[PDB]
Ligand SMILES: CNC(=O)c1c(NC(=O)c2nc([C@H]3CCOC3)cnc2Nc2cncnc2)cnn1C
Ligand SMILES: [Mg+2]
Ligand SMILES: [Zn+2]
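In the deposited numbering, the protein residues as written are 458 to 770.
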């Protein structure tokens, strides 16, 4: 009841900044998440006995892959924490509860392979879910863990609040399918410019929340250069493994996944910041001004990749 989580001074201060790195001590990440829920949401949001049991089952169902792992789950949750804390009054109690859990759960049981690789392999998950294949799987896994005895962290919500929160989480996790990001950002671009963007319109919040999820999910590109550069090696370790697996099916992989084309990475990162990340944080900053530090940190990392190419590192 009166039991807070308290982080050491440096973490208590840095955890409030968008660029915060959750560190290499795995056994602290659960407490960092609970700490975030308690300040975002309150000490009453969840029964600690149940939250703690939910967190540890979720951790168990993340796999030991280089990038799409338990660390990514918590990293992506912290970004959402930082967005919610810098936009105090724009989000409901249910939304604050729902979105931290969505971010923690958004890549459950990821194998380190794209939706494309599942379809070309003819994986069973691609027959069960034709689009947003891994993402429908991740939402599935979330509902499953929620229905383990003692894991229903939402049990104390009204029947209808319960249905709204599971719906916020479902849309939030589907929106992490980057294939849906491009059209969602376009629609939000037009809505903001023509002035029709309206946060009391539920289909509009949904789009805003979808963009927040892309922003949180890609937030490894908004860290200090040394974090971002070393995270890029983890993500390319997965891509290259998928490329190896493509070649075993007898298919030339796209360049971002071919470990023979490592030379082309610096330029591939430029295209990625320009075509995906910069646009994402630009449109997000326009809708939610206080999230501007994510855009500034992203531009700094683009500049660092520009320096890598010019020989300067
Ligand atoms: C759409 N174009 C791309 O995805 C893409 C890259 N992507 C990526 O490089 C990349 N992709 C993702 C998401 C989307 C696909 O996998 C998870 C996340 N972080 C990424 N980069 C990253 C860089 N540095 C730190 N953390 C993450 C690299 N080159 N291209 C062409
Ligand atoms: Mg994902
Ligand atoms: Zn993710």
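Here a beta-carbon is modelled for each residue, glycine too, at the ideal position from N, C-alpha and C.
Residue i, DSSP secondary structure in three states
i, result
"residue 460", "coil"
"residue 478", "coil"
"residue 523", "coil"
"residue 586", "coil"
"residue 692", "helix"
"residue 572", "helix"
"residue 498", "coil"
"residue 667", "helix"
"residue 717", "helix"
"residue 579", "coil"
"residue 604", "coil"
"residue 658", "coil"
"residue 770", "coil"
"residue 488", "helix"
"residue 557", "helix"
"residue 551", "helix"
"residue 506", "helix"
"residue 473", "coil"
"residue 615", "coil"
"residue 707", "coil"
"residue 465", "coil"
"residue 744", "helix"
"residue 652", "coil"
"residue 567", "coil"
"residue 731", "helix"
Minimum C-alpha distance to residue i - residue among the options
i, options, result
"residue 559", "595, 569, 586", "595"
"residue 507", "603, 744, 579, 734", "603"
"residue 541", "690, 590, 497, 512", "497"
"residue 561", "572, 530, 641, 623", "530"
"residue 763", "751, 697, 484, 686", "686"
"residue 770", "749, 683, 752", "683"
"residue 750", "477, 460, 468, 459", "477"
"residue 646", "760, 740, 752, 467", "740"
"residue 499", "581, 654, 458", "458"
"residue 482", "468, 495, 702, 715", "468"
"residue 744", "653, 757, 721", "653"
"residue 571", "761, 698, 688, 707", "698"
"residue 758", "472, 688, 701", "688"
"residue 547", "701, 746, 583, 591", "746"
"residue 591", "627, 620, 619", "627"
Near ligand 2: residue i beta-carbon under 7 angstroms from a heavy atom
i, result
"residue 563", "yes"
"residue 763", "no"
"residue 671", "no"
"residue 506", "no"
"residue 594", "no"
"residue 567", "yes"
"residue 591", "yes"
beta-carbon residue i near ligand 1 non-hydrogen atom, thresh 7 angstroms
i, result
"residue 726", "yes"
"residue 675", "yes"
"residue 692", "yes"
"residue 485", "no"
"residue 537", "no"
"residue 703", "no"
Other residues of its chain near residue i: CB distance less than 7 angstroms, five sequence neighbours each side excluded
i, result
"residue 755", "678, 679, 730, 734, 735, 738"
"residue 644", "664"
"residue 514", "602, 605, 608"
"residue 622", "551, 554, 555, 611, 614"
"residue 538", "493, 497, 557"
"residue 471", "477"
"residue 752", "738, 739, 742"
Close Cβ partners of residue i (< 8 angstroms) along its chain, the five nearest in sequence each way excluded
i, result
"residue 766", "723, 724, 727"
"residue 488", "462, 464"
"residue 637", "589, 631, 667"
"residue 671", "632, 633, 635, 638, 641, 642, 737"
Residue i beta carbon near ligand 3 (any heavy atom closer than 7 angstroms)
i, result
"residue 633", "yes"
"residue 529", "yes"
"residue 491", "no"
Neighbourhood of residue i by C-beta distance below 6 angstroms, restricted to the same chain and skipping five residues each side
i, result
"residue 509", "none"
"residue 527", "516, 519"
"residue 566", "518, 598"
Any non-hydrogen atom of ligand 5 within 7 angstroms of residue i CB
i, result
"residue 534", "Looking for ligand 5 in the displayed structure turns up nothing; the ligands present are ligand 1, ligand 2 and ligand 3."
Exercise for the section: Report yes or no: do three or more beta-carbon pairs, one from the stretch 699-711 and one from the stretch 730-748, lie closer than 8 angstroms? Expected result: no
Practice task
Indicate whether the contact test is met: 3 or more Cβ pairs, each with one atom in the stretch 603-616 and one in the stretch 656-663, closer than 8 angstroms.
Solution key: no
Problem - Sufficient close CB pairs (3 or more, under 8 angstroms) joining the stretch 686-698 to the stretch 517-532 - result: Two segments are said to touch when three or more pairs of C-beta atoms, one from each, lie closer than 8 angstroms; by this definition the stretch 686-698 touches the stretch 517-532.
Handout entry: Contact the stretch 570-578 vs the stretch 541-550: 3+ CB pairs below 8 angstroms
Key = no
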